[PDB]
Ligand SMILES: CCCCCCCC/C=C/CCCCCCCC(=O)O[C@@H](COC(=O)CCCCCCCCCCCCCCC)COP(=O)([O-])OCC[N+](C)(C)C
Ligand SMILES: CCCCCCCC/C=C/CCCCCCCC(=O)O[C@@H](COC(=O)CCCCCCCCCCCCCCC)COP(=O)([O-])OCC[N+](C)(C)C
Ligand SMILES: CCCCCCCC/C=C\CCCCCCCC(=O)O[C@@H](COC(=O)CCCCCCCCCCCCCCC)COP(=O)([O-])OCC[N+](C)(C)C
Ligand SMILES: CCCCCCCC/C=C\CCCCCCCC(=O)O[C@@H](COC(=O)CCCCCCCCCCCCCCC)COP(=O)([O-])OCC[N+](C)(C)C
Ligand SMILES: CCCCCCCC/C=C\CCCCCCCC(=O)O[C@@H](COC(=O)CCCCCCCCCCCCCCC)COP(=O)([O-])OCC[N+](C)(C)C
Ligand SMILES: CCCCCCCC/C=C\CCCCCCCC(=O)O[C@@H](COC(=O)CCCCCCCCCCCCCCC)COP(=O)([O-])OCC[N+](C)(C)C
Ligand SMILES: CC(C)CCC[C@@H](C)[C@H]1CC[C@H]2[C@@H]3CC=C4C[C@@H](OC(=O)CCC(=O)O)CC[C@]4(C)[C@H]3CC[C@]12C
Ligand SMILES: CC(C)CCC[C@@H](C)[C@H]1CC[C@H]2[C@@H]3CC=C4C[C@@H](OC(=O)CCC(=O)O)CC[C@]4(C)[C@H]3CC[C@]12C
Ligand SMILES: CC(C)CCC[C@@H](C)[C@H]1CC[C@H]2[C@@H]3CC=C4C[C@@H](OC(=O)CCC(=O)O)CC[C@]4(C)[C@H]3CC[C@]12C
Ligand SMILES: CC(C)CCC[C@@H](C)[C@H]1CC[C@H]2[C@@H]3CC=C4C[C@@H](OC(=O)CCC(=O)O)CC[C@]4(C)[C@H]3CC[C@]12C
Ligand SMILES: CC(C)CCC[C@@H](C)[C@H]1CC[C@H]2[C@@H]3CC=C4C[C@@H](OC(=O)CCC(=O)O)CC[C@]4(C)[C@H]3CC[C@]12C
Ligand SMILES: CCCc1cc(O)c2c(c1)OC(C)(C)[C@@H]1CCC(C)=C[C@@H]21
Ligand SMILES: CCCc1cc(O)c2c(c1)OC(C)(C)[C@@H]1CCC(C)=C[C@@H]21
Ligand SMILES: CCCc1cc(O)c2c(c1)OC(C)(C)[C@@H]1CCC(C)=C[C@@H]21
Ligand SMILES: CCCc1cc(O)c2c(c1)OC(C)(C)[C@@H]1CCC(C)=C[C@@H]21
Ligand SMILES: [Ca+2]
Ligand SMILES: [Cl-]
């Protein structure tokens, strides 16, 4: 807001103090004849610093003024060593600038003037941020490599440019090229810069150097969705075994893709990132064949078993709620509006007969089953990234919120049964609904409508937490009208609107056409009802056909196939969670070993494919 | 109708009187040998004027007869000075014609015959109108420039063609080129004609000369939706500050785009025009970045505050209507069809207890709030273009009609309470509905379904004020049938149709399936009912599935993305109204100044963008 406004005030102040100076102006427009006049006249202030803290040499280099920049370097050689001093462009020298503008003849000069190639452009304008349109890094080489100047990138290496130099974020130049928008020019520079990693004594060669998040360039390529570079960095891991005409048997490596157990593997990093370009990586030729093997072999069995153990558990919860304790009421009917006939038994008479002891079994089976839920779900939360990283791994798993809410209500139900509290129907009735509707989750195993509850969970897009605001306002408006219309009338005839809370429920039901329009026809209703209700039935009918449309254009001219892509992302998110929770004995590690084959101690995957 | 018919009768009469003349015919077909015979024979009527008032020279020039036209100019030189005299092609000379037909060798001659280049083609066929297929202006240069003849446009300037000459509408030649259908040939002529604005003493140079609507060529380009020329006229306003490799920092001017406060700025002229090509301008690179800054900074706050102050106001109106004065009725039940139990209290007993004084507070809060509405909305109307320009600024604001109707009903409610009038439910029940459903407007702030109440307000297209005619006819037809079928029967059994007004309401409800089909089954209904109602349920079911379709094809094969364009047009229309109503202190002017930067007294905007 104001910081963006404060950039502008400096960029204009920058152009102001150029005009308010004879030196900084002559550099901008390359008036050498009027520049020699100024440098010769007096041992002037050559350290004139404009708004961004920049000397005349920055400005000669910022506007591609080769001829001006030499004169500054001839007059006072101290200028090449001068960085900008402002908080915005801090540390930046004239060398960084000439590289970005690709001024080949100027950059050669500043190196001939022994300019530092290790100078670190720390300013805020270079850090990675959506406020900045560029992330070229922090060093001259990182700037050269991202503008695609093969010549300058070489030229800086003869002068001692450490390729292993990292940013504040730890990203060496190999990470940055993955973060650029132009992919095709970035793969060619990736190859060139490793070629200058010649010397055998390097202690974790460049493409295995992680940043301050632990990510290598390979894993960074997946998190950012750079499909081009993920492929290009993958031929280092292939090993073509044999080729028999149209057949090929490649042997992928999977050391950074498969869950080892020490650091989060690439499949965990693609699910735990907000981007949707990263989910394209799950279609690539080493990964697609691994996800479909964890699942087809060891992910559908352990998910269509724990989806049937849950069903036989909720069927036991259910029968413990149908057959609950209930006795005839002991009070008397207070008002004629009280049709309560029964109330729930106290403990001393709830468990007093054989049929109530079969139930106690099922009720202990239940509440033990709810504690278990809170011992395999809450310890994840309380130990893991309690609320930010939890829902981050969640792609289509609101399940984990509901089933913890299930187990909570079951325990509320227990306590209330122990202290003989009135109102056990309130917790149960949540637990029933939350308990069964979680069985909608144990469906994706077979490609049920679980690939299509992707929709109803994708249907927490805009027009379904947002059509509330323009439906609820209709309900509150006509319900408050309907109420005052029948506020004078006899409710034993038409009693849809006898109190304000029932006027909203009735009006909610009338919006959806799940009760019939009020009518008696043996009594004169108000004339002000039929006018009002005719409009409600119209606003309600049209708002239920702008949303059918809105749910359509957000599905057909918009996404209908990335839902099939979203399925493959839930197959992973499921597979990862099971492999994290289930023990190693039930989960054989995917891929074949290498110790008994001479390939090392890595865990390869073989893929046999036909070219054409 | 008849005026178009009267053009034709002259165009045929024009060809008639050519055939009924030996002179006008010889010109049409270029018979010089039979033309010299006619001019030499006798000092003839060379002033023969056909239907449109045209002499032989117009016709030689209208049909590209170079050889005939010279003979007329050699015989009698007085012809070049002769305009057409008819009301349709008034003022037009032979010079105007040769320019349009691009006859390069003929036009040189008429200038050699000292023909006026200031002659003003005033006729109705040249004025701007949908009845005319061309608007080439009123002068020879304006005709040359719109046919794209670089040669003739130059050639008229050596002979003294004032470029600053304006039409009856004030449009100089620079405005006209924007109004042409061919854009690409018009940008090149725009450049050429300013080049001939050399002399420094001009007193508002050409591209700052307004027409009789005050619009300059820049502002005219936006009103007309000429995206090509809006861009082309915008490089005069850019000022590229610096270029750092792929980065560019341009400094746009915004003097004619932003609301200064003296004349309506370009953002006000694009909303207040009926065209939809003009709304394309809101996506261009100086304007898109300004709308999104007024809003993101100073338009969502002042719109999500006055949208919550309104909600707490209607919640107070509501509670003042639930808790209204009501007492048991004093009369007796007239007929058994009267289930009115209560009636409303008189003033003397309406405010008699502490609970009725808390309400008086909320009722004064209310009616003060309705006067305020009528002091910030009616003074706009009564002062502004009361009914034509009001709804012109309205793009998606029927809100302004409803909220004035709200405040009116609240004051009707007041008066009726002061004079103890019966029927306060009628005004309230409008005010409730109009009051809440206006909260659907204070939603666009967050990109609610307010971008999608664009639909339901776009849904006042054809098939929703127009499907009425083919639904209402079904209702009136079967309701008048249902009525006469049960006009003989006992209504205490089936009384959906006991009077004609309830027969239309019931039938309205049955069309929409918001009440159940009539039935008793303990009594023999007419056989003529089941035949009729079976057809109604079919016509009703099919007419509710031709419109689902009609609302679809008008959304999916038709517009689904210009609604996203329509949002950005309401962001402006909202932003303009707030900036007009709210004071200057709460509204800092957008864009940075120039006085403290040497750029002048203009109000620039900086945009930093990455090329590729
Ligand atoms: C974790 C370890 C334990 C934690 C603490 C344990 C708590 C222990 C104590 C709790 C409550 C205090 C004692 C009982 C109150 C009696 C007063 C009364 O009249 O109650 C009435 C209402 O019912 C209630 O008031 C019961 C409240 C249910 C639990 C809290 C709400 C949970 C859902 C909140 C929403 C969350 C949203 C979730 C969204 C998914 C009685 O019920 P009734 O229906 O009026 O009529 C009888 C019904 N019956 C005869 C048919 C059966
Ligand atoms: C701005 C400054 C002030 C202006 C002048 C102030 C005017 C002052 C005086 C006005 C009316 C004259 C006195 C009362 C008439 C009594 C006769 C009678 O039987 O009435 C009946 C009908 O109700 C009416 O006749 C009331 C009329 C309401 C106001 C006018 C209509 C506004 C909406 C028009 C549409 C516009 C379309 C809008 C589209 C959005 C009585 O009501 P009831 O329902 O039959 O039964 C009682 C109801 N109750 C007990 C439940 C409460
Ligand atoms: C996105 C989803 C939104 C939420 C869903 C929204 C819909 C539903 C949600 C919530 C509605 C809750 C209303 C009922 C609770 C109030 C008290 C009550 O029960 O009735 C009392 C009256 O109370 C009133 O008259 C106050 C009603 C004012 C409006 C309340 C909603 C405010 C907006 C907030 C929501 C923003 C909505 C979004 C758009 C702005 C008593 O009534 P009674 O017993 O008949 O006695 C009457 C007295 N008499 C007999 C003397 C005459
Ligand atoms: C469009 C804008 C809004 C329309 C009118 C605004 C409102 C009306 C305007 C003003 C107030 C009413 C007039 C004075 C009193 C008359 C008698 C009366 O109150 O009610 C009587 C009949 O009602 C009528 O005879 C109403 C006559 C008005 C026109 C009919 C409205 C419907 C048609 C237009 C439809 C438009 C769509 C048509 C198709 C496109 C009986 O009704 P009640 O409730 O039994 O009365 C006694 C109640 N009490 C015992 C409690 C006392
Ligand atoms: C775009 C939206 C259009 C508007 C909505 C359209 C639908 C609704 C709008 C309006 C309908 C209004 C009808 C009711 C008012 C009339 C009087 C009345 O109430 O009943 C009286 C009878 O009256 C009649 O019998 C006359 C009905 C003739 C047709 C009226 C509509 C004309 C078309 C105009 C519209 C063009 C529609 C467009 C297509 C052409 C009395 O009835 P009763 O009390 O039972 O007494 C009967 C006497 N008996 C007992 C002796 C037997
Ligand atoms: C398609 C064109 C239109 C159809 C026929 C046109 C009309 C009929 C033609 C002519 C008039 C009726 C015939 C004479 C009198 C018979 C008895 C009578 O009136 O009603 C009796 C039964 O009704 C019948 O028995 C009707 C017999 C005709 C054929 C059945 C029609 C439905 C089938 C075809 C469906 C087509 C779709 C099939 C699937 C595609 C009893 O009825 P009521 O009302 O209780 O009578 C007493 C009333 N009163 C006490 C007031 C006196
Ligand atoms: C008390 C004893 C004798 C009987 C009750 C045992 C089972 C019938 C219940 C109680 C514990 C339950 C489990 C506890 C928690 C979970 C984790 C949760 O599964 C997942 O989160 C897998 C999907 C994913 O992680 O994406 C929901 C099912 C499951 C296996 C439950 C399935 C049903 C179980 C095995
Ligand atoms: C007493 C209860 C029944 C009152 C009304 C229900 C509410 C308590 C709401 C709050 C949140 C709702 C739940 C939110 C999300 C879902 C997931 C949805 O299922 C899925 O998307 C697939 C299953 C999964 O992913 O877990 C089914 C409806 C359900 C259970 C909803 C059911 C109704 C709930 C429990
Ligand atoms: C009597 C006092 C003590 C309390 C009542 C004050 C407020 C709760 C009310 C009454 C005056 C109302 C305002 C009067 C008129 C308007 C203009 C109108 O807004 C617009 O037209 C903005 C959108 C646009 O112009 O496109 C509707 C809301 C607003 C600000 C109203 C919002 C709610 C306000 C501030
Ligand atoms: C006593 C009343 C309730 C009888 C029936 C209602 C009618 C008086 C009609 C006449 C015009 C209608 C209104 C015309 C347009 C709109 C805007 C529409 O909202 C929007 O398009 C967004 C809000 C806005 O832009 O103001 C919601 C329905 C509503 C309020 C309509 C509600 C019903 C109204 C008030
Ligand atoms: C909206 C388009 C697409 C279709 C046309 C529908 C409406 C404009 C019409 C159809 C019939 C009309 C109704 C016919 C009769 C009445 C009864 C009238 O009240 C009375 O006559 C009181 C006494 C009684 O109802 O017997 C109030 C207006 C109302 C509801 C009318 C309101 C407007 C309605 C719903
Ligand atoms: C989308 C616009 C909603 C709308 C606006 C209306 O004006 C009306 C509506 C619906 O339905 C009918 C025609 C039945 C009403 C009749 C009575 C009144 C007072 C109003 C009519
Ligand atoms: C703006 C007022 C006119 C109008 C036009 C309509 O097309 C419709 C209106 C009202 O309300 C009802 C509910 C009667 C129609 C039913 C059929 C459909 C799907 C649309 C509805
Ligand atoms: C779009 C055409 C509407 C239509 C036309 C009809 O001919 C009939 C219709 C509907 O529905 C059935 C078949 C139930 C009627 C049975 C009775 C009569 C007398 C007619 C039948
Ligand atoms: C022309 C007469 C034949 C006919 C054909 C139909 O297809 C339909 C007809 C009538 O009416 C009903 C309402 C029974 C059908 C219901 C299902 C749909 C959506 C269409 C309706
Ligand atoms: Ca029903
Ligand atoms: Cl559909």
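Counting starts with 1 at the first residue shown.
How was it done? The header gives electron microscopy, 2.8 Å.
Note that Cβ sites are derived from N, Cα and C of the backbone, with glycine treated the same way.
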Membrane side match, residue B:331 / residue B:423, Swiss-Prot record: yes
From B:500-519, B:560-579, B:580-599, the residue range that Swiss-Prot assigns the feature intramembrane segment: B:500-519
Region 'Interaction with calmodulin' range according to Swiss-Prot, out of B:67-77, B:78-88, B:89-99: B:67-77
Three-state composition of the repeat 'ANK 3' (B:90-119), taking helix and strand from DSSP: 16 helix, 0 strand, 14 coil
Among the ranges B:302-322, B:398-417, B:424-443, B:464-486, B:531-551, the one whose Cβ pairs under 8 Å to the transmembrane segment (B:360-382) are most numerous: B:398-417
Integer Cα-Cα distance in angstrom, residue B:516 (Ca(2+) binding site) to residue B:135 (phosphotyrosine): 62
Residue among the recorded positions B:135, B:516 whose Cβ has the most other Cβ atoms within 10 Å: B:135
Non-local residues, at least 6 beyond the ends, that sit with Cβ under 8 Å of the transmembrane segment (B:424-443): 303-304, 306-308, 310-311, 314, 317-318, 321, 324, 344, 397, 399, 402-403, 405-406, 409-410, 412-413, 416-417, 449-450, 453
Cβ contacts under 8 Å made by the transmembrane segment (B:464-486) with residues that lie 6+ beyond its boundaries: 494, 496-498, 500, 503-504, 506-508, 511, 526, 528-529, 532-533, 535-536, 539-540, 543, 547, 550-551
Long-range Cβ neighbours of the transmembrane segment (B:531-551) (under 8 Å; 6 or more residues past either end): 459, 463-464, 467, 470-471, 474, 478, 481-482, 485, 507, 510-513, 517-518
Within-chain partners of the repeat 'ANK 3' (B:90-119) [C-beta distance under 8 Å, separation at least 6 from its ends]: 53, 57-58, 60-62, 64, 66, 69-70, 73, 77, 79-84, 126, 136, 138-141, 143-144, 147, 149, 151-152, 155-156, 159-162, 165
Secondary structure composition of the repeat 'ANK 1' (B:18-48) [DSSP: H/G/I, E/B, coil]: 20 helix, 0 strand, 11 coil
Secondary structure tally of the repeat 'ANK 4' (B:136-165) (DSSP, helix then strand then coil): 16 helix, 0 strand, 14 coil
